[PDB]
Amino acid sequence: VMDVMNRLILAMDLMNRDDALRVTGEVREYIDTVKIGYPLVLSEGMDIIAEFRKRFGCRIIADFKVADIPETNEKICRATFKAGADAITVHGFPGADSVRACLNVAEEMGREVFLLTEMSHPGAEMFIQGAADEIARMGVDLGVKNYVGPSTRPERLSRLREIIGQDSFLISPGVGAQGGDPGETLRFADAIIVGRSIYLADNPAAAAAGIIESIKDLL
C-alpha cells in the first residue's frame, strides 16, 4: 500500500493556483500525499498536477469520483493518469462494469483506483448508505485494494473496514470541518483526509502539526 506520511492526506480544494501552492508548500514537511479534486483542476487545469509534482515530493490522488458509463470512465482515467496522477477515486454506485473499466485502465497504466463506498455528508443517508456494504463487497470481489469511507459515521467506517479486510487500504474524509475526529477515525482508516481545517487556517502548518500531535501515538 502507499506509504502515507503521518497518516495524513491534504485535501487541496483551494481554487487559486497561488494559494494552493503556498498552502501546500507550508505543510509539505508534514504530508507527502495530496488529494487534488475538481475545484482546483477545473480552475487551473490538469497541469496543476505537474506543478505539484515539480514543487513538492507528494503523491497525487485525483479525487474525480468517476461516475460515468464504462466507455467514458476509461477515457477519464486515461486522461487523468496521462497527467501524472498516482491514483483516482471512483464511485461504486454506477455498478461493477463502471468500476471495472477504471480498474482495467489503472492496471494497464500502472496506477491505482480508490473505490468510494459511503460518503460523509448528510445526503449520503438517502441512497448511498443503503448500498455501501454491497458496494464494498463488490469492490472486494473485483479485486479493489483501496477504499474511501466516512469519518463522520464511525460505526459505518468500522463495518466497511470489516468488509474490505485489514489488508485493504482505507482513507477517510470528513475530519475536522465535517465533524469527524482524527484519532477515532484512525482506529479504522489507514489515513485521514483533511481539507478546510488545514487550508483555511491562519497557519496551515500549525494546523497540520496540531492534528499530527493529537494522533502521535498512532504513528
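Residue numbers run from 1 along the displayed sequence.
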property: Stretch with the greater mean C-alpha B-factor as recorded in the entry, comparing 33 to 41 against 55 to 63; result: 55 to 63
property: Mean Cα B-factor comparison, 91 to 99 or 104 to 112, giving the higher one as deposited; result: 104 to 112
property: Ranked against its chain, the third holding the CA B-factor of residue 206; result: highest
property: Chain-wide C-alpha B factor ranking for residue 82, given as lowest, middle or highest third; result: highest
property: Entry-reported Cα temperature factor of residue 194, expressed as the chain third it lands in; result: lowest
property: CA B-factor ranking of residue 69, expressed as a third of its chain; result: lowest
property: Lowest, middle or highest third - CA B-factor, residue 176; result: highest
